[PDB]
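Below are the chains, spelled out letter by letter.
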Amino acid sequence: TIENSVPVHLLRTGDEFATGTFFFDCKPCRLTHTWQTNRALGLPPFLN
Amino acid sequence: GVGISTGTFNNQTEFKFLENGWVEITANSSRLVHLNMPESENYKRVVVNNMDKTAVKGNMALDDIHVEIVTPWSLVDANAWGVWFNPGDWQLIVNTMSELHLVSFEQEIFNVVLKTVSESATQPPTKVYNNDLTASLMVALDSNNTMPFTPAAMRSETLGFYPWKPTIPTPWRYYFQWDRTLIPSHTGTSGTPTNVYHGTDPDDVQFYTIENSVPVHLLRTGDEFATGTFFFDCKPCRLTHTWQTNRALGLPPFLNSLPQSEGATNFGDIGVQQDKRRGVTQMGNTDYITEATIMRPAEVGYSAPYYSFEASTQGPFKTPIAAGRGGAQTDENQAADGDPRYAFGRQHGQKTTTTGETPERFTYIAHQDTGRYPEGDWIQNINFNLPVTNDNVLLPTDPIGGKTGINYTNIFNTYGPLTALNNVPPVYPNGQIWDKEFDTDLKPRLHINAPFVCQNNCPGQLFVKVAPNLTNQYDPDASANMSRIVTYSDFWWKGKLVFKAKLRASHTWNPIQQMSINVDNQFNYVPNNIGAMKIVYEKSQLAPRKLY
Amino acid sequence: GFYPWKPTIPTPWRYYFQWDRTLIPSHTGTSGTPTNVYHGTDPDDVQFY
């Protein structure tokens, strides 16, 4: 129950509300993709 | 410049004991490398089809189709054990230390020599070797690890394990995105299955170039080059093996009855019933508390599919396994707990004075016991109600999928958040030392080819090449091929690898398994009348360690 | 003992020693004698505390 478990704000026209700034905790997101399997790993054979 | 020497030779193994049982080992390997002129001074892109072995409808693990790009650049790998220690040093480490910490690594190249070959077509004809004192060598270092990583241990394209023996770098090459499809097929599967090489995904096209992406150094005789010191980041390597399963964990039963005399047939009997024994089990059905039933804190090692030849966009590939042993001696599943296999020749083991061209190998079998005998398991009913009945138990012998050869053992994967594990021990010589780490957000717990993985930073690849020596005729407006002066160059390479370890104390009463020289070993560690040398493989972790 | 006003007893100490074995499953029907033996001990894994 929201009424029971959280502070409620009544805003009228003249009012306004603002959350402050929240900082997240998260590992970065990469904008790259891996195209390597198990057959594209290491030193390929030597072509005689 | 050209008179004078640039470096010194040192292939010495130094051990410096510190305080509180810590030693600081520094292995030096100064080998003299030889290198010839790259045939093409151009980069290639070659495709390999062997669509004549992958048609026999039986042959699917023999898929040698990949795509590589050849580089005129010749690489140099020293990421091996055999290249550092000798059978006499390894004994010291392995018999007396208990853990190893890889530290520093620094390479140094000196006494560069470049000679031209003059072919005097006269009778024989004859060959006249000279020195082109103005010639050059193109040394390069990928200090910012920008290029792929090709550990040349995998394919025994390392450096000689005998210092007094001149060696050769490996022609550099790397992978290029090759796309394929190949469906399995036994000897009977009717029709033509499916297998093709579409080509390349335009997305995954990475065409590297050393000239473009790395600072190149030209060294003349008078010059020299030195990498500085690189520090690794790696968890220590243990020189101990675990011999404890799930039946050798905790407080054994209390034997109400003990033998009253000698005989390997006088067993101490507990003296209580299985369905009236006190303790804890992970069952809510039974009342039977057995050495197989009782609840153990966790599970040692895991059980995975064998010969689970998976596949993706590049083609089928086997499923790795981190295993130890798992059976009576010469009573193992060589493939169930994944036992490495090593093939080298002449320059990395094997009898120097051999003939023909056939690699020699060994199937290294550790000492740790985390492996399994997938030939003594079973899946039965929640009803238990033993003695278990056929229709109530799936055994190894019982086929799955209707085919004989197959099992549930073959398709089985018991890896739980309760799986305990020990990394892959060093396999010396041959075996690898340290191996880069995957750039995937999620990373493998441990590598199967090397005990040390450097995470945040690894030393860069040393690419060694010969500079084009040109004649009086050269038209860059001619395909031909920059006919050049047949040039090669010989240079001395030196290495300083640093390891820091701790010493083993005794805690038992029974001696521990050590390394020695038998009447069977002797001549495996000494040259012969002709000078036939060779380096045998030898178990690393041979010393107990209590798991729990 | 879980009852304080009740005198208790320690447990005779004992621990494991490397024992090597083989045992293959077998239902009530599996024909013949399957396989099960106790070779002994691997000389490598001998810890006598």
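What chain C contains, in helices and strands, is zero helices and two strands. In terms of its C-alpha atoms, chain C occupies a principal-axis envelope of roughly 60 × 35 × 10 Å. In chain C, which comprises 49 residues, the share counted as buried stands at 6%.

So, about the interface of chain A and chain B. The interface is formed by twelve residues belonging to chain A together with 24 residues belonging to chain B. Looking at the side of chain A that touches chain B, its residues break down into six nonpolar, four polar and two charged.

Time to look at helix α1 (residues 87-96) of chain B. Residues and elements named next belong to chain B. Within α1 the residues assigned to the buried category are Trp90, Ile93 and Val94. One side of α1 holds all its buried residues, which, seen down the axis, span an arc of 85°. Looking at the buried residues of α1, the elements they touch are β6 (97-120) and β25 (487-503).

Time to look at the environment of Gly345 of chain B. All names here are of chain B. Here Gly345 lies in the loop between β19 (342-344) and β20 (360-362). The exposure class of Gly345 is partly exposed, given the 16 C-beta atoms found within 10 Å. In sequence terms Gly345 and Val466 are 121 residues apart; their C-alpha atoms lie 26 Å from each other. Ignoring any residue separated from it by four or fewer positions in sequence, one finds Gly345 in contact with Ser156, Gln350, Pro359 and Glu360.

This brings us to the interface of chain B and chain C. If you look at the interface, chain B gives 23 residues, while chain C gives 22 residues. Its residues assigned to classes, the side of chain B that touches chain C comprises 13 nonpolar, seven polar and three charged.

A few words now on the UniProt feature "binding site: Mg(2+)" in chain B. In this numbering, the UniProt entry assigns the feature "binding site: Mg(2+)" to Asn144 of chain B. As for its position among the elements, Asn144 of chain B is in the loop between β8 (137-141) and β9 (170-175).

Cut-offs applied
Residues numbered from 1 in each chain as written, not as in the entry; some residues may be left out. Chains lettered and ligands numbered in written order. Part of a larger assembly, values for the part shown. Helix = DSSP H or I, 4+ residues; strand = E, 2+ residues; numbered from the N terminus. Buried ≥ 20, exposed ≤ 12 C-beta atoms within 10 Å, placed from the backbone. Contact = placed C-beta atoms within 7 Å. Nonpolar A, V, L, I, M, F, W, Y, C, P; charged D, E, K, R; others polar. Arc of directions from axis to C-beta. UniProt positions renumbered as here; feature names shortened; annotations may be inferred.

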